[PDB]
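Note sheet for the following structure.
Taken together, the values in this text are just the output of simple stated rules run on the coordinates, not laboratory data. Heads up, the Cβs are rebuilt from the backbone with ideal geometry, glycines too, and the neighbour counts pull from every protein chain shown.
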Amino acid sequence: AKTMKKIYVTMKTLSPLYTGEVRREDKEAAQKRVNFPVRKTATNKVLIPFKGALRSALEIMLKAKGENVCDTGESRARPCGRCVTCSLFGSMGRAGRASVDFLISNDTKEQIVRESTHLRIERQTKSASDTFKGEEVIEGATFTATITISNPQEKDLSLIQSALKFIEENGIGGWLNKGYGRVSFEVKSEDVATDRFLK
Amino acid sequence: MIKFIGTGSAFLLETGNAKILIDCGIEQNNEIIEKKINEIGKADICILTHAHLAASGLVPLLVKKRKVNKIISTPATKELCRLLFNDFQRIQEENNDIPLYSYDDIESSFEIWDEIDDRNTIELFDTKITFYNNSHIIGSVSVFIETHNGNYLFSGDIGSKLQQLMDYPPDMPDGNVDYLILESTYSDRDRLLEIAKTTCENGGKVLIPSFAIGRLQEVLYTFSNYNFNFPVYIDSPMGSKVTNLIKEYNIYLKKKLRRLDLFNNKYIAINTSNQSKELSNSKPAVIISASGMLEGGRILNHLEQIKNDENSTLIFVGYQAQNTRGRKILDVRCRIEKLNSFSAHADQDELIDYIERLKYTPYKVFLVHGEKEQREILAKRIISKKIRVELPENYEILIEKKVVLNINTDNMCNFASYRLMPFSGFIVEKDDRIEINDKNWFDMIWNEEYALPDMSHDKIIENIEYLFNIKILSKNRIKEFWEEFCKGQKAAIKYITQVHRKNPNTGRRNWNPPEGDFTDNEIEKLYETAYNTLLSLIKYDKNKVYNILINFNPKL
Amino acid sequence: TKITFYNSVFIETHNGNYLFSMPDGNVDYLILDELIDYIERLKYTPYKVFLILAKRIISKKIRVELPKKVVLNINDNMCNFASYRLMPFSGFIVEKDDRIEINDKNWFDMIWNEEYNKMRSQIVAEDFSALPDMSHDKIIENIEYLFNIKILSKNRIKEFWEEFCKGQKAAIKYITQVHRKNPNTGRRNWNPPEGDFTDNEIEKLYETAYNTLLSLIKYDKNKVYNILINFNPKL
RNA sequence: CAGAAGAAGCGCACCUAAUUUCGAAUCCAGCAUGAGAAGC
RNA sequence: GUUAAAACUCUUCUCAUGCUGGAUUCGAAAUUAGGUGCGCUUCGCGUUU
Ligand SMILES: [Zn+2]
Ligand SMILES: [Zn+2]
């Protein structure tokens with residue numbers, strides 16, 4: 001208490017990016033025109049989930065170190081509530097100290113989202129067997145988020161930064177093994193007072 | 001509400017759900033331009049009236065700073081602005097001043113660029129924008145932004161009766177204009193060909209400076225009708241590019257001139273620089289070249305051969321701005337003459353007659369540009385017509401279009417937690433009011449009341465069926481015909497005219513060739529069948545075109 | 001509100017200089033042959049005149065009008081027919097708490113499907129209308145073991161009881177749905193057991209949950225309620 | 001009233017834009033205070 | 001034809017206050033804008049010593 005960490009996170013998109021539309025009405029509206037819609041706000045901005053990527057990043061790296069972390073990727077897997085990932089991003093007993101925001105673009109969908117033609121080529125006749133359309137985020141598009149950590153601890157910005165580097169290497173969103181979602185993260189941290197709004 | 005930003009000029013019209021922009025452009029400091037561009041904010045649309053740099057020059061800067069989502073304009077204004085922006089970037093880089101934008105900003109500005117013709121009503125962000133021709137240059141339109149809190153007519157640069165390529169009477173919203181944004185203004189036509197007669201009979205070359213947009217084509221259309229025996233020659237990559245633009249966009253000109261060639265051959269365009277050096281060494285011809293204000297350009301390699309030759313003349317067929325070499329020798333060992341008859345802007349009278357031909361007198365006429373002196377006498381004459389006018393050196397009613405039910409909502413039930421009523425009615429759009437109206441309405445109004453070729457609906461379906469199975473008409477051809485038909489009807493005429501056009505050199509059209517054992521003559525009858533079939537589909541309404549074309553291309 | 005009287009009440013608000021019936025100021029709304037000159041005498045011709053006469057004053061280039069919730073149309077191709085711009089539209093007016101929407105047939109079709117899915121998925125066969133055998137102690141032992149490890153949870157016991165109130169068949173339907181191994185994912189809807197285990201053991205405890213719950217549906221309601229109330233005290 | 005810099009022709013077409021899985025699971029549902037006063 | 005008959009336990013006073021459906025879980029896994037099409041056609045390093 002008495003301080004709150006604020007991590008101002010700026011994404012620049014290096015490769016193209018795809019995070020699919022989750023809303024059934026928006027997806028079913030766009031699947032008439034494009035077979036892979038992108039996640040988009042109702043104010044026509046691009047929405048990337050960021051808490052799960054930071055969680056998943058830290059779970060893989062801390063399981064690879066050998067430090068005790070639970071797995072919240074396995075199906076219906078109960079969080080332990082004792083590990084550092086449970087302290088940062090949450091368990092079933094205590095909520096997440098890090099309130100990760102959604103990565104929201106600084107620009108509108110008609111400026112950074114393009115519709116693209118993808119294929120499946122027959123390996124033998126070297127000829128298009130399948131053609132789909134997908135919406136991608138252009139390279140250089142800028143996204144912003146605030147990772148607002150209540151009850152600050154010492155190793156809670158660095159692990160986030162560590163997780164950001166993992167998201168720089170592996171990617172964010174979908175189609176991560178076809179090359180989509182390679183990104184760069186620029187960080188600005190500040191220990192804001194918890195009573196800063198009291199005038 | 002409307003904000004007048006203007007260095008740069010712009011008209012932001014904040015409707016309350018969008019930020020629609022009119023004519024972001026700069027005629028002539030880069031930093032105060034950039035700050036003034038930042039002052040606009042994120043705009044949803046950037047509407048271009050005409051393709052002059054006084055109203056289009058800042059459009060790539062707006063896509064540098066990512067302040068615009070869509071740049072709508074006229075299909076000839078777009079093609080013009082391709083050449084216009086590359087020429088402006090050529091001059092800006094060439095002057096060694098730091099470029100205000102880049103060629104990538106030009107490209108990306110044309111990536112989000114949509115194009116509609118005149119009389120085509122778009123509906124973006126709870127608004128209705130419609131273009132109407134105003135006869136300044138080709139693709140020059142006045143803009144009707146029909147909002148809910150007022151209907152606004154941005155006149156742009158209204159044209160003149162001196163124009164010969166564009167139809168004179170400036171098209172105006174047939175309905176009601178609440179607020180009107182007019183631009184205050186800033187018979188020697190026969191004299192041009194006559195003094196060319198006397199000059200070239202005397203043995204000189206008439207070197208007419210002409211602006212590459214509008215002006216040079218007006219001068220050439222003069223010479224290409226007044227049977228000037230001696231040869232006529234345009235000398236300017238950009239001038240000949242806009243000459244091919246006028247010939248390509250011939251359907252967007254005057255109705256008489258929409259039956260074409262338009263320039264009656266006559267001109268022998270000088271393409272390469274070496275040919276211009278040759279013509280400068282050559283000794284009676286009509287050099288309709290283009291540097292504008294006697295600045296850098298294909299004029300100046302010809303300027304010297306007239307400058308020393310008193311027998312030749314140098315006919316100034318344009319306004320000659322200050323700090324230009326042209327005004328310096330306008331205001332010299334050659335004859336200098338000036339013909340203001342070739343003017344693309346109106347005078348004050350034609351602005352008043354553009355303002356007295358609206359259906360209902362505008363509430364406020366915002367004068368914006370022109371000379372500040374002349375804007376006063378225009379203002380005084382239009383206040384004399386009892387019309388409120390807000391000058392741009394100064395800074396109010398609340399018009400609100402409403403929708404009336406006019407149906408009795410008594411007998412009303414709740415089915416799925418919604419209080420609903422199935423109703424049959426006849427919604428009407430009256431000036432200022434949308435009125436839903438019961439059959440009682442149609443009854444009363446019933447008792448009160450009571451080009452393109454032609455083929456039957458079945459003929460059109462049978463022809464597109466045959467040409468689809470002969471593979472002349474394809475799914476991509478039907479897709480782009482639907483795309484150009486969604487921009488208007490003249491764009492579709494220009495599309496099918498371009499595809500059907502036999503090239504005079506190769507005898508090759510752009511139609512997809514047939515499938516089978518057809519012969520040459522029959523192949524040409526199928527190509528003409530395709531041309532007349534799609535041109536017969538242009539006459540039909542958009543909702544009749546769609547169900548015809550969906551049985552061949554399910555996605556367009 | 002600046003008011004001035006003339007031989008005429010010239011209220012001058014910021015929403016318009018109204019005048020009910022000629023001042024020298026700007027007049028916005030005129031609340032009105034002899035009639036035509038009065039309008040001609042006014043400098044800065046009025047935006048609207050609130051009145052045969054209307055025909056003429058329209059041709060004098062002047063707007064007329066001749067004498068609740070916000071109405072929003074959602075339905076837009078109109079036509080010139082019988083002078084006025086117009087379209088045939090049959091639809092639905094809906095009366096929301098702060099607005100009146102004008103929707104069309106697709107909205108009602110949508111809410112028809114959304115209501116029909118609610119209607120058809122409320123009664124499931126013999127509601128409130130070949131089981132294996134187990135001793136009562138064995139049911140106590142297996143429900144206690146599969147309650148300690150987190151397979152039979154309080155939500156599972158609760159949802160067992162709610163469906164078993166609706167009959168034996170709905171309980172068999174629920175238990176078959178929870179035990180169902182989806183062929184595309186290889187997963188049952190049981191909550192996974194806590195504690196270190198092995199996939200053969202986990203599959204056998206899932207089978208044990210299926211057989212112990214199925215052997216409990218053959219028992220009497222009161223006997224089922226008195227077995228489960230020791231685990232989920234609510235139901 | 002706005003920009004401008006050895007020949008020739010061409011710089012166009014066509015297809016495809018679909019399919020599939022998943023949409024569950026779990027914890028909690030308590031506690032505390034007041035039970036009187038006044039007129040007729 | 002009852003030590004009767006006659007006289008409404010009536011009026012006044014809000015089950016209110018205190019408590020956020022919260023916590024856990026990334027629309028992503030599978031699919032190369034590929035396939036078809038030749039910068040070609042026309043013009044002697046002349047002439048001059
Ligand atoms: Zn944990
Ligand atoms: Zn102009």
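Put simply, of B:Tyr363, B:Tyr354, B:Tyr319 the only residue that is more than 16 Å from RNA strand D (Cβ to nearest atom), aromatic (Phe, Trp, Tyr) and out of contact with any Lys or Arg (no Cβ under 8 Å at 6 or more places or on another chain) is B:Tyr354. Within the range A:15-28, residues that are under 23 Å from A:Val183 (Cβ atoms) and of a type in the set (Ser, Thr, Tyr) have Cβ atoms under 6 Å from residues that are near RNA strand E (Cβ under 6 Å from one of its atoms) and not in a strand (DSSP E or B) in these pairs: A:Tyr18/A:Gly173; A:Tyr18/A:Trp175; A:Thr19/A:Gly173, counting only partners at least 6 apart in sequence or on another chain. Assessment of the range B:403-421 against the conditions (more than 7 Å from every other protein chain (Cβ to nearest Cβ), surrounded by 17 or more Cβ atoms within 10 Å (Cβ to Cβ) and touching a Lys or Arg at 6+ places or on another chain (Cβ under 8 Å)) yields no matching residue. Consider the range A:71-90 and keep the residues that are closer than 18 Å to A:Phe50 by Cβ and near RNA strand E (Cβ under 7 Å from one of its atoms). The one that is surrounded by the most Cβ atoms within 10 Å (Cβ to Cβ) is A:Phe89.
Answer with yes or no whether B:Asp331 is under 27 Å from the mean Cα position of the chain (by Cα), of a type outside the set (A, V, I, L, M), surrounded by fewer than 18 Cβ atoms within 10 Å (Cβ to Cβ) and more than 9 Å from RNA strand D (Cβ to nearest atom). For B:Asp331, the condition - under 27 Å from the mean Cα position of the chain (by Cα), of a type outside the set (A, V, I, L, M), surrounded by fewer than 18 Cβ atoms within 10 Å (Cβ to Cβ) and more than 9 Å from RNA strand D (Cβ to nearest atom) - is not met.
Collect the residues in the range B:378-395 that are out of contact with any strand residue (DSSP E or B) (no Cβ under 8 Å at 6 or more places or on another chain) and closer than 15 Å to B:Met1 by Cα, keeping them in residue-number order. The answer is B:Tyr395, and nothing else. Checking the structure you have, find out if any residue of the range B:267-278 is more than 16 Å from ligand 2 (Cβ to nearest atom) and under 30 Å from B:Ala451 (Cα atoms). Within the range B:267-278, one or more residues are more than 16 Å from ligand 2 (Cβ to nearest atom) and under 30 Å from B:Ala451 (Cα atoms). The set of residues in the range B:528-556 that are more than 14 Å from chain C (Cβ to nearest Cβ), out of contact with any helix residue (DSSP H, G or I) (no Cβ under 8 Å at 6 or more places or on another chain) and in a helix (DSSP H, G or I) comprises B:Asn532, B:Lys539.
Could you go through the range B:255-268 and let me know if any residue there is of a type in the set (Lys, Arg), closer than 30 Å to B:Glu146 by Cα and surrounded by fewer than 18 Cβ atoms within 10 Å (Cβ to Cβ).
In the first step, residues of the range B:255-268 are kept if they are of a type in the set (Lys, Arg); the result is B:255-256, B:258-259, B:266.
Of the ones still in play, those that are also closer than 30 Å to B:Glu146 by Cα are B:255, B:258.
Next cut, surrounded by fewer than 18 Cβ atoms within 10 Å (Cβ to Cβ) only: B:255, B:258.
There is at least one residue in the range B:255-268 that is of a type in the set (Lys, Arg), closer than 30 Å to B:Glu146 by Cα and surrounded by fewer than 18 Cβ atoms within 10 Å (Cβ to Cβ).
Take the residues in the range B:477-527 that are within 15 Å of RNA strand D (Cβ to nearest atom), part of a helix (DSSP H, G or I) and aromatic (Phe, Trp, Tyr); name whichever of them is surrounded by the most Cβ atoms within 10 Å (Cβ to Cβ).
Applying the first criterion (within 15 Å of RNA strand D (Cβ to nearest atom)) to the range B:477-527 yields B:477-484, B:491-492, B:494-515, B:523, B:526-527.
From what is left, the residues that are part of a helix (DSSP H, G or I) are B:477-484, B:491-492, B:494-500, B:523, B:526-527.
From the residues that got through so far, the ones that are aromatic (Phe, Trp, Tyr) too are B:481-482, B:495, B:527.
On the way: B:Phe481: 23, B:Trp482: 19, B:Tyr495: 21, B:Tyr527: 20.
It comes out as B:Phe481.
Quickly run through the range C:132-164 and pick out the residues that are part of a helix (DSSP H, G or I) and in contact with an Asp or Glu (Cβ under 9 Å, 6 or more places away or on another chain).
Going through the range C:132-164, the residues part of a helix (DSSP H, G or I) turn out to be C:136-148, C:154-164.
Within the range C:132-164, just C:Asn148 meets the criteria.
As for the range B:441-452, it holds at least one residue that is surrounded by 13 or more Cβ atoms within 10 Å (Cβ to Cβ), within 36 Å of the chain's Cα centre (by Cα) and either more than 9 Å from every other protein chain (Cβ to nearest Cβ) or under 28 Å from B:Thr147 (Cα atoms) (or both).
Number of residues in the range B:26-61 that are surrounded by 24 or more Cβ atoms within 10 Å (Cβ to Cβ) and more than 16 Å from ligand 2 (Cβ to nearest atom): the value is 2.
Can you pull out every residue in the range B:453-463 that is part of a loop (DSSP other than H, G, I, E, B), surrounded by fewer than 14 Cβ atoms within 10 Å (Cβ to Cβ) and of a type outside the set (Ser, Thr, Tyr)? Spell out the reasoning first.
Of the range B:453-463, the ones part of a loop (DSSP other than H, G, I, E, B) are B:453-456.
If we keep only those that are surrounded by fewer than 14 Cβ atoms within 10 Å (Cβ to Cβ) as well, we get B:453-454, B:456.
B:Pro453, B:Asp454, listed by residue number.
For the range C:52-104, which residues satisfy the criterion of being within 23 Å of B:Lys128 (Cα to Cα), touching a helix residue (DSSP H, G or I) at 6+ places or on another chain (Cβ under 8 Å) and of a type in the set (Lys, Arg)? Hits for the range C:52-104: nothing passes. One residue stands out among those in the range B:130-185 that are within 12 Å of ligand 2 (Cβ to nearest atom) and aliphatic (A, V, I, L, M): the one that is surrounded by the most Cβ atoms within 10 Å (Cβ to Cβ), which is B:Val141.
Select from the range B:166-182 the residues that are part of a loop (DSSP other than H, G, I, E, B) and among the aromatic types (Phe, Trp, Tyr) and list them in ascending order. Steps first, answer last, please.
Narrowing the range B:166-182 to residues part of a loop (DSSP other than H, G, I, E, B): B:166-178.
Scanning the range B:166-182 gives a single hit, B:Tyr168.
Scanning the range A:62-75 for residues that are more than 14 Å from chain C (Cβ to nearest Cβ) and within 14 Å of ligand 1 (Cβ to nearest atom) gives A:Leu62, A:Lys63, A:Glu67, A:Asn68, A:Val69.
Filtered by the rule that a residue be more than 8 Å from RNA strand E (Cβ to nearest atom) and under 13 Å from A:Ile60 (Cα atoms), the range A:170-188 gives no residues. Checking each residue of the range B:92-112 against the condition of being away from ligand 2 (no atom under 16 Å from the Cβ) and under 24 Å from B:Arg215 (Cα atoms) gives at least one match.
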